[PDB]
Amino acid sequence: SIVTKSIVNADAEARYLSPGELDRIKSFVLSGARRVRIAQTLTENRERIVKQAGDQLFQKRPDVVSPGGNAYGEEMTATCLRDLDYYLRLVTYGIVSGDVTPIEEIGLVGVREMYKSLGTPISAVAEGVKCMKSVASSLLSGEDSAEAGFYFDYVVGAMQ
């Protein structure tokens, strides 16, 4: 969270928090309800954001659906949409934290080593997350949608 981040930076410089740092934690705890509602909307439309984005994936990157293809059918294509639910969950976490750090630790540090091991193309996972983004920016209005989207675009961009 940005509380952790402001404590860690002040501790490093062996001080108490600055004015600009106490204002940043205030702006954050008073945005906390906006956050908890964006997250709630995304957790509720879980099944939808994943299935509709996976359906959309197989129509922009069709190469990964069977001839050769890492998602090779009934146990595999299921696992590809699993991984999409793993990043949807890390994105709600990030939004209530005001911080990309729980997405980084759990799913972005070492993401290239792991997917080159399994033989999965990572441009295709980035494209998947870009498709869940759209399906979420539909279910979300004006400023809630600009905010959830900051966190989907970071995840996508750490994947290529």
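Each residue number is its position in the shown sequence, starting from 1.
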- Task: Name the higher of the two by mean Cα B-factor in the PDB entry, 33-41 versus 49-57.
- Result: 49-57
- Message: Can you tell me whether 124-132 has a higher mean C-alpha B factor than 104-112 in this record, or the other way round?
- Response: 124-132
- Listed options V96, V91, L118, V65: highest C-alpha B factor recorded at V65
- Message: Which third, lowest, middle or highest, does the C-alpha temperature factor of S18 belong to within its own chain?
- Response: lowest
- Message: Split into thirds by Cα B-factor across the chain's modelled residues, where does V155 land: lowest, middle or highest?
- Response: lowest
